[PDB]
Structures are given as structure tokens and as C-alpha cells.
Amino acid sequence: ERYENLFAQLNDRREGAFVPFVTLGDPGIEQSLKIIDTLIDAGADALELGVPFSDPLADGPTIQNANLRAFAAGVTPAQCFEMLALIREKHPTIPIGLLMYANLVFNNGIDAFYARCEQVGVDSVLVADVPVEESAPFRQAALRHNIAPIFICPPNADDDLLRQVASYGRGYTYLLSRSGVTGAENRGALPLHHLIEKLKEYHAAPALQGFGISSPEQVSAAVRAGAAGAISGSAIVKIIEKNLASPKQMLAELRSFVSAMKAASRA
């Protein structure tokens, strides 16, 4: 499937994946779709997409304000899934991962949520406030609907957690750069080689590092450390924010940034 095919192709080319994140519908449905098409056309290997949530407790102010902009434009989960279907129609091979908050998954039924993900062509789901210890009904529903359940490897991971994530996760492993919440200003500086190596020993899904990644030097550093790729969200969102009143210049600067970040992944 899509993650397995991506990582095999990137491995052939000796490349890491660059995976941008945006909030669906920020600043609007139509500009968000143009934003996503621009991220792909400028070199995004995969996508991570957030569904606007009222109380995003893992996000710093940048992504909080992205959610508020989406809500100001009236974006609902149902509209987000209509976007996802259109994105999948445009881009049949790119892996699409969702970053969800638990209540939006649980609201009208866990199974129904993953069924809808399958209908629109989503490849993976990470539920930010569902640790592996609470994941059973979520990962079962995901696998039942051919969705990869994504799990987080935090920098304080112990060995029993390493084995759990390696065993239950599919698609990719989310390698946290640091503690705290999302945010470009806060750079993760702790070395992660040890965790990357253990994940590989236990045959975990390939690791993508996320949180605080805002420069090409950080992308190459994660690749150089063994990670299969890097995720960048707040850095991307600040460009949207900085250019709200200049939609064209926004897309231009997004392409410039994505291209440079993806270039640094070509080790």
C-alpha cells in the first residue's frame, strides 16, 4: 500500500520523505485545496492533515490559530472528508495521513469514522490523545478498514513501549523530536539515534520525525540520523498566516519553502 510503496521508492533513491502538515480548510476550503496541491507539486512525499478541533491540546498557538481560521470559514469534519475525497481523486499514490483528536474519531462511532476514512482514501490515522494503552478499539477499527494506525515514539520511550509501537503500528512511526506542543520556534535538540535504531531492530514502521522541524538543516539532520523522513507543520502554517491577505504570494512562498525542505531530504 501507499506508505510501503513510498518508502521503498525513497529508499531506492537514497532519499528521506518530506511530509508537510496543514489544517484542512485553513484559511478556507478552496484556498486549502490549492495549498495542498502546491505542497505536492513542490515536492511533498506524503501529507499529514488535521481536522479542525475546538480544543487542540497538543498544538501551540500557530496551529491553534489555524483551527480558528478554519472554524471562521465554517469548516466541519464532514466538509473535511469531502476535501479528502477530492485530494485522493487528484493524487492516487501519495500517502494521506490524518492527525486527529480522539473526540472527533469517537463522536459518532469509532468504526464509522474509520469506514469514512476508507471511503475517501485515507491511508493512516494518528489520534493525538490516544496512547497505545488505550488504542485497542481504534487500531482494530483502523485495520478493519485498511487504515494504518500510527503510534508515537516519544523521546522518553522505554523498551516495553518500543516493542508495543513496533508491534501495533503500521505505515510509519511518529518519532517525537521533543516534549511540549507543536511549534516551529521550539527546536528539538535531543539526539534520537538510539530510538531510531531500536525501532529498526524491532521492525517498526519507518520513522518520521516531527515537532519543531522548521529548517532544511533539521530535515537533513533527521535523515542523517536514520529517520525515514521529517514532518513540518507550524513552519508551513506560519506562511499561510503571514499571507492571509495575499493568497497568490502565499502559494508562492509555500512552494519555495517546501522545495527547499524536500531538497534537504535528498541525502
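The first residue of the shown sequence is 1; numbering continues from there. Here the rigid core means the biggest group of C-alpha atoms that line up within 1.5 Å when the two forms are laid on top of each other.
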Should one compare 37 to 45 and 208 to 216 by root mean square Cα distance from the shown form in 8 other deposited structures of this protein, core superposed, the larger belongs to 208 to 216
At least a third of other PDB entries omit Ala184: yes
Stretch with higher mean Cα temperature factor, 229 to 237 vs 194 to 202, is 194 to 202
For 57 to 65 versus 218 to 226, entry-based mean Cα B-factors point to 218 to 226
Max C-alpha B-factor within the set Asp160, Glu89, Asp123, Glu82 falls on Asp160
For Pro95, the third of its chain by CA B-factor is the lowest
Sorting the chain's modelled residues by C-alpha B-factor and splitting them into thirds places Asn146 in the lowest
Binned into thirds over the chain's modelled residues, the C-alpha B-factor of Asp41 lands in the highest
By the entry's values, the third containing the CA B factor of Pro155 is the highest
Among the modelled residues of its chain, the C-alpha B-factor of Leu176 falls in the third labelled middle
